[PDB]
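In the block that follows, a single chain appears as structure tokens, in the form deposited in one PDB entry.
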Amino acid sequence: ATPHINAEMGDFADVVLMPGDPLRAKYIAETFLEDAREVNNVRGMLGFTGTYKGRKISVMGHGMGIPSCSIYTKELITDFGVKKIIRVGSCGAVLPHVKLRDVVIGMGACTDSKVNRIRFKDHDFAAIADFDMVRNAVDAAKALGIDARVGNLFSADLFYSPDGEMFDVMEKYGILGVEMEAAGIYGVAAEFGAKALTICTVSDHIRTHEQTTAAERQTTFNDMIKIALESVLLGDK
């Protein structure tokens, strides 16, 4: 156990799915995992372990922001033997052709955080996902009949930015979605030698501001999780 996770080696599977919202972790465990059990409750960051189609899988929230998810991912890798981390979240879109409910896979993640510069002697470290994990997720999506865009995400430190100037810049350079953790998780994976991937569903757009129908948004969220879980099986082969 650590100050943030009251569990022991063995309590987590070697693969952990991670949503930002701890309440979303309980939702995922209840909906897709069989014979699941709660393995952490410290600070209310619920974690669960169960099986998917016979495969042992864990799911736990990571909180909002690079600093928060950096703590949890590091501990899972160095204290609980986790090999793969799959972040499952939401993002905002800036590109005109990326629409609501689009499933985005971040092969890379830009950021305005200073954490990777501190790690990489003030130079440019390209925060990327594990290639095989990206491939497995793209393949799982095809199998489910889902289209998925693979590209760059942007991990922001400030949800409420003082200068809405970076949005035009992100759009200019092709960023697919704006979130707050990918670059941090990729930095941790590289520093401690594990593999990671971030998958997101477009929750809102920079330009047009119009939702759809709850039922439809919730269907897309479940598709993302199915893509995540099915990508793991593909990787096991």
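Note that residue numbering begins at 1 and tracks the sequence as displayed. So that the term is clear: the rigid core is the largest set of C-alpha atoms that superpose within 1.5 Å between two forms.
- Query: Which is higher on average in the deposited entry, the C-alpha temperature factors of 206-214 or of 33-41?
  - Reply: Mean CA B-factor is higher for 206-214.
- Averaging the C-alpha B factors as listed in the entry, name the stretch that ends up higher: 118-126 or 157-165. The entry gives the higher C-alpha B-factor average to 157-165.
- Task: Could you tell me which one of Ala109, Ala143, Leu76, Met133 shows the highest CA temperature factor in the PDB record?
- Result: Answer for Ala109, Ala143, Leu76, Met133: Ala143, with the highest C-alpha B-factor.
- Message: Maximum C-alpha temperature factor per the entry, among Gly54, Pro67, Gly47, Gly187, belongs to which one?
- Response: Comparing C-alpha B-factors across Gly54, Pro67, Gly47, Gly187, the top value belongs to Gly54.
- Divide the modelled residues of the chain into thirds by Cα B-factor and specify which third, lowest, middle or highest, holds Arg87. As the PDB entry reports it, the C-alpha B-factor of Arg87 lands in the lowest third of its chain.
- Query: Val150: which third of its chain by C-alpha temperature factor?
  - Reply: It belongs to the lowest third of the chain when residues are ordered by C-alpha B-factor.
- If you rank every modelled residue in this chain by C-alpha B factor, which third holds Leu229: lowest, middle or highest? Middle third of the chain for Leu229's C-alpha B-factor.
- CA B-factor ranking of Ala13, expressed as a third of its chain: It belongs to the middle third of the chain when residues are ordered by C-alpha B-factor.
- Task: Comparing against every modelled residue in the chain, figure out the third that the C-alpha B-factor of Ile71 lands in (lowest, middle or highest).
- Result: Lowest third, going by the recorded CA B-factors of the chain.
Omitted here: the form deposited in another entry. The next part is about that form.
- In a superposition on the rigid core, which residue from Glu30, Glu210, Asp35, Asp168 has a CA displacement reaching 2 Å or more between the shown form and the other one? Between the two forms, the residue that moves is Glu210.
- Query: Any chance the CA of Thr220 moves 2 angstroms or more between the shown form and the other one, core superposed?
  - Reply: Comparing forms between the shown form and the other one, the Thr220 CA shifts at least 2 Å.
- Query: Closer or farther: the CA pair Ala143/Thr212 in the other form, versus this form, with a change of 3 Å or more?
  - Reply: Here the pair is closer than in the other form; there, farther apart.
- With a shift of at least 3 angstroms, figure out whether the C-alpha spacing between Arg217 and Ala143 grows or shrinks in the other form: closer or farther? Between the C-alphas of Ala143 and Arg217, the gap widens in the other form (3 Å or more compared with this form).
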